[PDB]
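One chain comes next, on its own, written out as structure tokens in the form deposited in one PDB entry.
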């Protein structure tokens, strides 16, 4: 079929089928081929009768059969290039085409785009939506009015973005459709870190058991109850048939391969209930229907295949039975989905050629001599890819091409409810209705590999993928810091984005106030005793100083603990014992080496005590520390030093020397004069005994109660010094 015109247009419509082997062109296609072919013929007549597009130049066509085959399209397409650039003894003269409209299947549009790119002929495919046609490095002279396939994958995740579904499983088809879609999906899905569970490439209707094995691999991940489908129409039907076979409930999200066909869900409506699906955002062309209804072989001689179309549609073999005045009516007719895309493709060239005509031939309206040869590169790059016009007969319906010659990406969101229902649409903003969904509203799923986590449970190890975090609750001693690590805070400020580890000061009333009164009571008695003016007399006054010194340490011991306090307290305990013990061993070994032994005895006793203190300070550092096993215990200091390695040894050594001296002071004194003094020395042994008893059990065994374990033993031996203070009223009044 060729129609004479000043600027003829190409056309490659799959009128026939792939046939059987040598029979390359079998039964003729009736919805994809004839409806789209007559759509372009309808569009061309509209352009010719139009007065604002190509009003002087008449637009012709050169339409050809693709036969839905790659090689057959190439041989047919040679009749396009043979006219334009083949400038080599008039019949069947070919006309210089401006550009082609053909290419329905992406397979045949690629093989044509690879040919016309060499001869500078623009191509617009009305239906081919393959992804590999969007790289202008190869198919530079190519455009299309349908969005590419990977726009679906970008639109697919939008629902996953809008419905918060993350842990998803995907199944793709063995063909190119899906093996370029799920690859495009995975790259785009992970943009919001969509949490892909699995990925299965079901065979092209290989075996029924394959679909079952897929379902086995699907239900084994119950945390992913939203499954995304990019399968073709044939495979999609067989999968859900297997799903109904084993009653595998799911929430399928499927592409235009599912579309909005009732044939897919025929006999398995219940299993696929509530599935969200997409299809091309088509729009019926009302005017085309009226034109198509008014067709019959009596008045339509342009189409050579129309005779077979009448025979195949209205069944008519050699027996003719088709002899009848019947026409084509809505009873037996269906405007094909991509008819609006076919008529848009033609009007893309008409507008591209009209704008180019208005510039290259500005004064005139017909085809001026400047277009006797058409510049293919200029027409495509400078006029086709930069076009903007509302779609004819369809009052967002504006036609344009992106930088890759692909059309604007509109879609319609269809949910299975049994009938499909448009639940919104996606062009660039997913403006679907949150309601009106059936199995995604009442049983609205939220597919995650793991549950959300409370502040107690932070530490995640992600046993599965990165998006399968499992939170274990860090202990209060460990504390909860962040979802990837548990931090600490120490003392106070219990956790915020930080846990709490250990972090290490006791104002008592009875125990705390008791030492002050005891020290004050001793000070008053010492002052009263020292206030006498009667006359080892100085030793007793010095001994009273040690008792006063011991009381002062207790008063200082009532304040907040300090590392130097333990060292000072250690000196105070030794000094207090030395002061009391030094005075006792005076005027004793009289009756019973050198005559001048009092100075040596006094010097030796003081030197021994200083040696122990100096050794303890040089060997051991009197620091500060807090003793607590639990990490949630009070953040206060418990033991400044060890108190056992050195404090226990040092404390025991001081008491032992004093205890032995007190016992031996009266055990074998051998001095009967002043027997009252001997009894007092012997009776003073019990004063030191109470301190040892109150000191060992205080912190040796069961010393956890630091409130009274340490404070209780502070004043344990603070009352021994009052025994000999008042023993003076008997001799003198």
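Positions refer to the first chain, counted from 1. Here, rigid core means the biggest group of C-alpha atoms that superpose within 1.5 Å across both forms.
Visitor: Can you count, per the entry, how many deposited residues between residue 586 and residue 587 come without coordinates? Answer none, 1 to 3, 4 to 9, or 10 or more.
Guide: Unmodelled stretch: none, continuous chain.
Visitor: I'd like to know the size of any gap between residue 495 and residue 496, counted in deposited residues with no coordinates: none, 1 to 3, 4 to 9, or 10 or more.
Guide: In the deposited sequence, 1 to 3 residues between these two have no coordinates.
Same protein, other form: the form deposited in another entry, not shown, and the subject of what follows.
Visitor: Once the rigid core is superposed, exactly one of 544, 157, 202, 339 has its CA displaced by 2 Å or more between this form and the one not shown; which residue is that?
Guide: Once the cores are aligned, the residue moving by 2 Å or more is 544.
Visitor: With both forms fitted on the core, give yes or no for whether the Cα of residue 74 moves by 2 angstroms or more between this form and the one not shown.
Guide: The answer is no, as the C-alpha of residue 74 shifts between this form and the one not shown by less than 2 Å after core alignment.
Visitor: I want to check residue 679: does it shift between this form and the one not shown by 2 Å or more at the Cα, with the core superposed?
Guide: Yes.
Visitor: Does residue 517 count as moved between this form and the one not shown, where moved means a C-alpha shift of 2 angstroms or more after fitting the rigid core?
Guide: Yes, its C-alpha moves 2 Å or more.
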